[PDB]
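>>> enclosed are the sequence and the experimentally obtained structure.
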Amino acid sequence: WXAXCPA
Amino acid sequence: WXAXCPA
Amino acid sequence: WXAXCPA
Amino acid sequence: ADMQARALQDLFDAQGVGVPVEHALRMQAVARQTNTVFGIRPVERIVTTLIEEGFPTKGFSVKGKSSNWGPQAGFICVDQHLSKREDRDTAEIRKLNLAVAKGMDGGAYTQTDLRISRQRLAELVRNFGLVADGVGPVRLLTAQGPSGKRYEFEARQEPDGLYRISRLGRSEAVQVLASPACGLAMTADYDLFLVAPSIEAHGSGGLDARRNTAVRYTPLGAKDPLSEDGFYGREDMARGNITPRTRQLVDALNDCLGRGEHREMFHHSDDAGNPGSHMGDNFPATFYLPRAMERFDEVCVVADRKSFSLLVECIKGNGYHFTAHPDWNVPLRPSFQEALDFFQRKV
Amino acid sequence: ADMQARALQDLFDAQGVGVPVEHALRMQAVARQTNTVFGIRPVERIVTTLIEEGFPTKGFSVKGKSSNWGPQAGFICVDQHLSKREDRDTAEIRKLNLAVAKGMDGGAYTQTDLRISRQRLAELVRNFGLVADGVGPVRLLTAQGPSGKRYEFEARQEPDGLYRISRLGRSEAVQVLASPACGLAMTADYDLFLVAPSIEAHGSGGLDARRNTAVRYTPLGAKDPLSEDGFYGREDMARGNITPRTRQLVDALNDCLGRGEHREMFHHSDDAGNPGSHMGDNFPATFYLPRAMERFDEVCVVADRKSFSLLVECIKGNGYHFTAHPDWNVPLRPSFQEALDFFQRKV
Amino acid sequence: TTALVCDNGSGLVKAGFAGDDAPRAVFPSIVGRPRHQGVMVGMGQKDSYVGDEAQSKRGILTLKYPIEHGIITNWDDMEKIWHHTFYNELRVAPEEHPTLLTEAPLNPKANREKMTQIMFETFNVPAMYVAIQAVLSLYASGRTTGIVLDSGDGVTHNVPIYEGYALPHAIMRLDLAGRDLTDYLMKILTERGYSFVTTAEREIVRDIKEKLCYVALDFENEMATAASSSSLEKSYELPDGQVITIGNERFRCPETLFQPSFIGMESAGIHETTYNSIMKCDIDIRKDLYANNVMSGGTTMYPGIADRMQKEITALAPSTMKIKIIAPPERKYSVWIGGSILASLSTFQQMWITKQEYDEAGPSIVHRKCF
Amino acid sequence: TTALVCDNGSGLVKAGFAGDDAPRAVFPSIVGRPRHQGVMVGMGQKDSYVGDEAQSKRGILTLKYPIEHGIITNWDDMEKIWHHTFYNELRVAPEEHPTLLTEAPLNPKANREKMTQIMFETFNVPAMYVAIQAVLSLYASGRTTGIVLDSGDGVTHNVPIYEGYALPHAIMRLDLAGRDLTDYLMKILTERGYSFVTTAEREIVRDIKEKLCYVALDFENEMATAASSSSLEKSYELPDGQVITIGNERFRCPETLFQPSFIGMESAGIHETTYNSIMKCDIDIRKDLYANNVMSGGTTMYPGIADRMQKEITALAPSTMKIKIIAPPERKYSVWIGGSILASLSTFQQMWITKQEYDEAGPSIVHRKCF
Amino acid sequence: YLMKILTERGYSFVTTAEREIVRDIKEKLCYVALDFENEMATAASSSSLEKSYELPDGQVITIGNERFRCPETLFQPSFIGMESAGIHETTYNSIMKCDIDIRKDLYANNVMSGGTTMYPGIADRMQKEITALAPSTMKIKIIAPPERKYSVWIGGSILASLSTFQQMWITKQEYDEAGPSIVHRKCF
Ligand SMILES: Nc1nc2c(ncn2[C@@H]2O[C@H](COP(=O)(O)OP(=O)(O)OP(=O)(O)O)C[C@H]2O)c(=O)[nH]1
Ligand SMILES: Nc1nc2c(ncn2[C@@H]2O[C@H](COP(=O)(O)OP(=O)(O)OP(=O)(O)O)C[C@H]2O)c(=O)[nH]1
Ligand SMILES: Nc1ncnc2c1ncn2[C@@H]1O[C@H](COP(=O)(O)OP(=O)(O)O)[C@@H](O)[C@H]1O
Ligand SMILES: Nc1ncnc2c1ncn2[C@@H]1O[C@H](COP(=O)(O)OP(=O)(O)O)[C@@H](O)[C@H]1O
Ligand SMILES: [Mg+2]
Ligand SMILES: [Mg+2]
Ligand SMILES: [Mg+2]
Ligand SMILES: [Mg+2]
């Protein structure tokens, strides 16, 4: 993801 | 190691 | 070789 | 426009404020930017030039008193024969000497050398009652020790362009604490008086969560979870009873000053959080207002505790709020008092 | 510049150090080159000139004590009537005589002749309390045996330009051990105190792998694989408990000295590895610092065990490390103590 | 003796002394407990962290709020929260001072009865009272008349009061408030890249709305503008220096107050709920209620929540009414300020439940002004 | 009673006493056995040579390391290594002293269980503990918070710890460390003339990198410079006085830490592995992890491994973070120093597995802080 | 996670591609414990769980205890260090988010789909755990057909076959006229 997690 | 690598 | 062995 | 500084300089000088106006405008630019009122405990006329020159400043850990008189004026002695003189509290004369010696061993470094510029010593003589006999480089000084004592002070010029100092008999050196990173001796910091963000912003995040909310220790009997050093041990040891807003502000108020990179003017918690505050010791203060006041102008000198009350009520009515120190007994917010008296008058 | 030696000579002489400064600068040049702190156990004012003259030195195997007094000062007696005098440990008086006789038969050669230069004997009288009656070549001496005894010493000049010596009654010869290769009598070696490489380099390769890591023998009960002579038998018999770094350093510290090719000053393991070390016996030491200290200068005289502790903490804080001898109880590295006390204060 | 005033809202403990103009202690009602294995023998031994001590030290902790929708759901953690309030934040022995607590209207009798049990039996408080928070917001507004849209972290409730008589039948309550708006923004941000998902990340999204979010004055036109233009895209910097760009959901978060259907909730918005609470009132008071829509509590702090409220009530109100929304700067603390008023009044010193009375009458005495 | 602290790394036994600031014994974990026929009746009878006794006496021996990638692969040789540690190097009866051993995180449970079996049944140790080496590196760094890039002879592992809570899910481990760099330099040197090929020649190439090798701050520019100029060609003198000239591979050896593809290894480098280990952490801790990248263990000793690490993490970290790499001079022993800290703490004296507890609970007790 | 738990035994799977061996190790050996603490007690007591697998090079890997600890991570996400409710608590919490009037029918229709619901005993474990959460009179029924592995695709084949659906396609003309907002027709 863009923020919060890796993707 | 037992598997995966030499040790 | 240059070092380590004869050639 | 330069006239603004011109007027503000006379507002300062009449009131005996020692902040350089060239700093007061930079701090007010920060008050305006952060939409925060804040105050500075008194900076004396004595210190003005030292702050202009760019000495380090007293910081937090440095226990010492600091002089208003002699060539050591505006510095912190640690050859404190001032101890028998500076406040003449008899228990302070010995015991503050020894407690300063404890502080002297720790965080402060020491310099056994004043380094007065002759132009600085001249301004001293021109203002603060030093008595000076000069053959140029061959300078020596004379002063009043404010118990009433008189002294000879053996200055010596150096290739530094700066005079060493000593007192009568001890005519070699004097020791004025010097910041441990710099080589230069520390002068008086801009000790924050209070920080009062706009009350819409007050308490946002954790910003105003002072590390000791009720500031002064009192024991609560058997069920008390904190011992005295358990209570004070959650002060920040470098900043004291800091709050995240106060910390961010004493970053911004150092970044704006163009100050030297280890030469900061503000180090520590606002006096609203200092468990050793005394109210009649804070004045005259300077307060920085984001906006038009309403007798002041927007860098306002507060002369006395009743003028402070009038300022606090004008701050709190404009919507700035600060959680006072317990010992202050400041006025309550206008829109509060106008409700409280609405109901105390049985409706 | 010569003033550096000029000041360092007075630093030495006040502290009673007997290293010649013309050597101290060569050893410090080696400390700087190898980026190693190292120390030398005391060299007495007595010996100074013998080291300058270029006698051999005591080396390792030579068991003997060595005198501070009389014309035999700075030499090793083996006509040890000093044995009843030199330390007056009663068991030492007989038994150290006989153990020195064992050593005398082995590695040391012997000379039954002192060979004092008159200028050397004059410096002796000028400093160390010899009493001298002279008709030039016809010289004889008088001295204090430091139990309290007094003596006559029958010197005789020789075509050597050097006086033989003897004591009262025994008025022919005295036997001062003499290195087996040279003909000259051995004087006191520069007994290394410690070697403390920069801790990035400490333990690289095997360099600091002392041959007996735990230095002093204690038995471990039934499962112990080493008997006492099995333990000490892996000391190097010529250098003692040497480490490859100590060995390389006592090569470099002989090559730099411009010393005569069988006349070396350093022979053996640093005292941090000596199982017979005594701490209150090592002082005053001289330590050689690669860099500016921080009261010392970079060839620093350590006067007493508390000054040694202050040096050890300054070494270890600059990043030099040495594995202390068990009996030393030196201070711990600053960046260690500041972590240990961070956690001992429950966090 | 000063009383404590102790507005333990769902979101922040606000506590202080009566007759003081704002709380001393304002810290979140969170108890964190460490979700990871302690390895440093010394500091990991602290079992749990309370309030601001745990909003920092944050990412190591599972953060539990003891109070949800104004109802205390965990009592051991509320005793932790109150223990820290009295002995670490206020530094007062509660044995010594009366305690004005507060709670929402229309919530379980078990909450007053457990709060009062705990105050009388754990903290030994000498006397105590449990005021309705929207009554306190009128004491803070210095008026006897008005419809208080007190909107908090847990609850939004209207209490209409007229000339000092509350009209309990007209009290609305929504379990829709700043926490449901946090958990909504925490979803709407995943329409952009950003996956806030744990507790503690809840506190980042909370700070993202307490900073960036504002109420659209005309939601469909702000949506049209934000779809047209980047001119709304304020950005925020996460605790690790990543820059989050927000823009459209900057106003869609607090729109959930006016369109609860966004958070999937079958309800009138706060404008319809305020108006419907005025219509529940006697027609003869509605002019004065319309002229005194006091707002209080934190989620009324969004820029443009007044004015949006005024526009929407004025669309509902019958075109000749002076719809006036009273949203003072201090509204954030108005419940506490009004509790400081109330606990200061001399006419109030008879209203404390003394511990003797609680022991004689039993826990029914606490419901003195029930709602 | 002082405890032993006994960091039997893959490369060196470091052993000493708790509360001492560095190991007494530091000698390689090698057991050599003679590969040639003894003919001098007397000294050739010694079956095998351990540690520094066998790194000298070297060319006669096949040198076997008992530990590989942090896993003990030969146990009779590890009992030799420990027998020599206690009775020849430290000269301590282990019957007498507790023993803080260490091991890498994420490695077989059989290693703690065999180490503890051997300590309790061969050496009769009275009590013992088995700490994670990257936790010890924080005790050695005097801080509770940081991401420890402990890089050894066998293993490189990151353990992120925050306020004393390790985050085990974020622990990275690479079997890429100074020994894989030795065996790589031992190949890159054959691009020049030099064929180091046996064990023992492995120890020459080890000393060649422990001396000559350094980390390029900008690898492609150092490659361009070394191809342009002889200015990098430091030379080393082999044990027989041959001069070896090195130059280009002086920095290509430790580049293998940042480009593991050189040693043919599918992995992120140590900078990407440290950053990826920070991203595995809760976003709220990453600021403090970024400000505390402790480095420890020997292969972090290369000149410019900090600064290269800082440059690379700062290229990865989001441009506002204070990327700070903490690489003290003593980092070489930081695991041991931190074990000396730990074994000195009074709060720790309860953590020893006593032999009574091991006998009652069986070998499961040893995994107390497992990772 | 299994790729880590296997290193408690000897086996260091560590690269990608070795990820695919450990994937096949769980797609074969792993199963969900019906009562995790009792399976842990049994596997510590006995070798009776130790199925073994043969790596691509003929090494035999023996697994046993971590055979069930892998998919337990669905019910105890704290194992993979993840702050979350398990899938049973997450399903139940998703039912509680629903209107009370529908929860009876949601409780009676917990469809499972997609591959990680293929572990032996993931139903039944799911049913036991939801039944521990659900209020003791609800028919907690877990629907886990054999084809669940493809149920998302099978259901897409259904959907794309329905005549009522042929209006729902975004045609390229509509995408060109309306722009990319049209794609969010059923957004969630
Ligand atoms: N903010 C804060 N300051 C503290 C605390 N404890 C001690 N202090 C120190 O007490 C000092 C107040 O008295 P002074 O040291 O005379 O202030 P000053 O500005 O140097 O005044 P003067 O020149 O007349 O000596 C300032 C502050 O560094 C604390 O807990 N918080
Ligand atoms: N490094 C080392 N030295 C040893 C060892 N065993 C004996 N020694 C010898 O013990 C001697 C220490 O005492 P002294 O012989 O009095 O030293 P010194 O420098 O001659 O002092 P003084 O002139 O007062 O007699 C020096 C050293 O040659 C050993 O195992 N290692
Ligand atoms: N300035 C603000 N803007 C928007 N939301 C806010 C603001 N301040 C607080 N909030 C939100 O409202 C709640 C805090 O409410 P508050 O009423 O002050 O405490 P409580 O809810 O406990 O009475 C939190 O959800 C917080 O996110
Ligand atoms: N100064 C150094 N420079 C480069 N590599 C070093 C240095 N010191 C040790 N090493 C290498 O690191 C390994 C020693 O690592 P160390 O961590 O000290 O012991 P262990 O690996 O057993 O914990 C060996 O590969 C050695 O080659
Ligand atoms: Mg100050
Ligand atoms: Mg000697
Ligand atoms: Mg509220
Ligand atoms: Mg290691």
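Structure's in. What do you need? Residues are numbered from 1 along each chain as shown, chains lettered A, B, ... in the order given. Ligands and ions are numbered 1, 2, ... in the order given.
>>> which parts of chain D are helices?
Remark: helices assigned in chain D by DSSP state H are D:2-15, D:21-34, D:48-53, D:90-105, D:118-128, D:228-232, D:244-255, D:305-318, D:334-344.
>>> from residue F:7, how far off is residue F:366?
Per CB to CB, to the nearest Å, residue F:366 is found 17 Å from residue F:7. Placement of C-beta: from N, CA and C, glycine included.
>>> circling back to that earlier point, nearest to chain F, of the helices of chain D?
helix D:334-344 (3.2 Å; CB to the nearest CB).
>>> flag every buried residue along the closest one.
Residues D:335-337, D:339-340, D:343 are the ones in helix D:334-344 that count as buried (16 or more other CB atoms under 10 Å in any protein chain shown).
>>> from those residues, which is closest to chain A?
Relative to chain A, the closest of the buried residues of helix D:334-344 is residue D:335; by CB to the nearest CB it sits at 40.7 Å.
>>> centre-most residue in the chain?
Going with chain D. residue D:191 (3.4 Å; CA atoms, centre = their mean).
>>> actually, chain F is the one I wanted.
Nearest residue to the geometric centre of chain F (CA atoms, centre = their mean): residue F:152, 2.4 Å.
>>> in space, what's closest to that residue - neighbours in sequence excluded?
residue F:297 (4.3 Å; CB to CB, 6 or more residues apart in numbering or on different chains).
>>> pretty sure the one you found sits against residue F:336.
No - here residue F:297 does not reach residue F:336: they are 9.9 Å apart, not a contact under CB atoms under 8 Å.
>>> neighbours of the residue of the stretch 151-300 of chain D found nearest ligand 2, how many?
At 40.9 Å from ligand 2, residue D:180 is the closest residue in the stretch 151-300 of chain D, using CB to the nearest ligand atom. The tally of other residues near residue D:180 (other CB atoms under 10 Å in any protein chain shown) stands at 16.
>>> got it, and residue D:293?
14.
>>> next: residue F:111.
When neighbours are counted by other CB under 10 Å, residue F:111 registers 20.
>>> part of a helix, is it?
Yes - looking at residue F:111 with DSSP: H, G, I helix; E, B strand; the rest coil, it is inside a helix.
>>> and it, how close does it get to residue F:104?
Look at residue F:111 and residue F:104: by CB to CB, they are 9 Å apart.
>>> is residue D:134 in a bridge, and if so with what?
For residue D:134, the beta-bridge assignment (DSSP bridges) gives partners residue D:139.
>>> how close does it get to residue D:74?
Going from residue D:134 to residue D:74 by CB to CB gives 20 Å.
>>> ditto for residue D:328
28 Å.
>>> same question, residue F:211
Note on residue F:211: its distance to residue D:74, by CB to CB, is 42 Å.
>>> before we move on, what about residue F:167?
For residue F:167, the distance to residue D:74 (CB to CB) stands at 67 Å.
>>> who's more crowded, these two?
Higher neighbour count among residue F:167 and residue D:74: residue D:74, with 28 against 18, using other CB under 10 Å.
>>> what sits closest to that one if chain neighbours are left out?
In space, residue D:74 is closest to residue D:47, 4.2 Å off (CB to CB, 6+ apart).
>>> quick check: the one you found touching residue D:188?
Yes - in this structure residue D:47 lies within contact range of residue D:188 using CB under 8 Å: 5.0 Å.
>>> identify the contacts common to the two.
Common contacts of residue D:47 and residue D:188, defined by CB atoms under 8 Å, 6 or more residues apart in numbering or on different chains, comprise residue D:74.
>>> neighbours around the closest residue to ligand 3 within the stretch 51-200 of chain D, how many?
Going by CB to the nearest ligand atom, ligand 3 is nearest to residue D:200 of the stretch 51-200 of chain D, at 6.2 Å. Number of residues near residue D:200 (other CB under 10 Å) recorded here: 16.
>>> measure the residue lying closest to it once chain neighbours are set aside to chain C for me?
The shortest distance from residue D:200 to any non-neighbouring residue, by CB to CB, 6+ apart, is to residue F:329 (5.6 Å). The gap separating residue F:329 from chain C is 82 Å, by CB to the nearest CB, to the nearest Å.
>>> for whatever helix or strand residue F:224 lives in, list the C-alpha coordinates in CSV.
For residue F:224, the host element (DSSP states H and E) is helix F:219-228. Taking C-alpha atoms only, helix F:219-228 is exported to CSV below (Å, rounded to 0.1, in the frame of the first residue of the first chain):
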residue,chain,number,x,y,z
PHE,F,219,-20.8,18.9,0.4
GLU,F,220,-21.8,18.1,-3.2
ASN,F,221,-20.0,21.3,-4.3
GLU,F,222,-16.9,20.4,-2.4
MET,F,223,-17.0,16.9,-3.9
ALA,F,224,-17.3,18.5,-7.3
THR,F,225,-14.4,20.9,-6.6
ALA,F,226,-12.1,18.2,-5.2
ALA,F,227,-12.8,16.0,-8.2
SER,F,228,-12.1,19.0,-10.4
